[PDB]
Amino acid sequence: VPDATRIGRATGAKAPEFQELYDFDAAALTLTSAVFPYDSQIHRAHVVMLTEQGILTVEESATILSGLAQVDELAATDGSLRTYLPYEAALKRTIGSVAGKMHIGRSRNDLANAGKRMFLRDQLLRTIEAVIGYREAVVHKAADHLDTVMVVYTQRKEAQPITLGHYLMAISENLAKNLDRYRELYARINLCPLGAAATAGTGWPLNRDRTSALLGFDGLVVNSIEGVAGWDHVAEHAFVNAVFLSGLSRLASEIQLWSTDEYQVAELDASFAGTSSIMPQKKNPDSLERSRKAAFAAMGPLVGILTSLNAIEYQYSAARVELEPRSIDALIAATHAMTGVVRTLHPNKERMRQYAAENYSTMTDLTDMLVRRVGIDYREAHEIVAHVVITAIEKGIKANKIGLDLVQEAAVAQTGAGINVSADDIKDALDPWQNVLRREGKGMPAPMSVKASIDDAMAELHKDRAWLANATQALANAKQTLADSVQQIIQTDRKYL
């Protein structure tokens, strides 16, 4: 059975990244099912620490640890075992009364806070990975379009000539700062609240540092109230998602206008567009609009979470709103979709140049030339060139057809006086590519300036990947260190007891 939406102008298959936008909602896990595997890691790390602190015997610990493996497999198909007390009771039915001792010095409150942090932690690295891939495609695309002259817009009106590469590097700088936000957030998510128990700690002599290290945390949530009442990292995760996706909506919207039947300065790759069930001419920006949809929806969790925090005391509370898997899955799908949109975008270079040459985005350079050549102030030069545009539009004269006669008329009609410039000055001022070349300072569209920004971004991207690789490897090491400690307890018991 084929994809029934790939009819008419919707040729070929959906790009896989495009298809993600349609699949994440039905495939998303509940928070309970997403967090459960991390809870079972906490059970092991907590039991190991209890053993090392002499609170559990090795026999007790080994019996518990082996039971966890059994119940975990039961919970793979029995969802009722994915919350704590049902899980603890199933462990009791599996290994006996000793199961109850794994909760010594512990509560559902610090267990849940820690487990949710571990889930958000992995999802944050997953997000940073996707955002890096987004930035990579943006920069790589820019490197191929240093000569792609086109107009930049302000207030949805043509402003001045730039290049497509110059535009994309604005997105690169946006993404660099959102990656900073995410990395800054990671340092606050990756703190271990275990040891706070209900909210006040415990009399049992826990080693909170050992539990934290075994679970991959880089530090503690120290105060025990903050350990269970702390929720700002959840709100912040929701916010960075929201603000990052607002910039993704803006690019999607920008490309959607580029790809209107009226602009026709860019076209979506067939693999990122759909069509209509009724209108055969439609090549619809489904990828862009469903990406924006996800950006709008990300407003919801942010408001729900902050509302819930505004509604309570500084306590553990079951009334706090969560950041759910389906919200994060939507962000990833949208980020992947726009990664592919950018990679496969087809700019219409000729029409881009045509607009730059014909639709008066070069008038600023004409104004600047008057100021530079004859020394009038900018406001006076501005009034003259404005008159040029008004007259040119009235007469149907494209910007690249503006000449000495029209400029002299405007100056006379506006000041009563001619103005001392040549037809070559005017010609050079109205050449959109010369407009680009002259804008060669930092962050400006001249190829050498955009090229420099690309070089800096490629260096920053290397550091982005390095930060991600180190954070990921640190978690993998701790997770392996924990698995080793678990088997060693089990082997010690099997061998000597």
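By rigid core we mean the largest C-alpha set that fits within 1.5 Å across both forms. Note that residue numbering begins at 1 and tracks the sequence as displayed.
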(message) After superposing on the rigid core, which of 297 to 305 and 372 to 380 has its C-alpha atoms sitting farther from this form in 5 other deposited structures of this protein?
(response) 372 to 380
(message) Per the record, averaged over C-alpha atoms, which has the higher B-factor: 203 to 211 or 303 to 311?
(response) 203 to 211
(message) If you take the mean CA temperature factor per stretch, which one wins between 240 to 248 and 141 to 149?
(response) 141 to 149
(message) Just to confirm, going by the entry's C-alpha B-factors, which of 175, 371, 198, 295 comes out highest?
(response) 371
(message) Checking the record values for 404, 279, 342, 288, which has the greatest CA B factor?
(response) 404
(request) Divide the modelled residues of the chain into thirds by Cα B-factor and specify which third, lowest, middle or highest, holds residue 189. (result) lowest
(message) For the chain shown, is the CA B-factor of residue 87 in the lowest, middle or highest third of its modelled residues?
(response) middle
(request) Would you check the entry's CA temperature factor for residue 416 and let me know if it's in the chain's lowest, middle or highest third? (result) highest
(request) Divide the modelled residues of the chain into thirds by Cα B-factor and specify which third, lowest, middle or highest, holds residue 316. (result) lowest
(message) Looking at the temperature factor on the CA atom of residue 41, which third of the chain's modelled residues does it land in?
(response) lowest
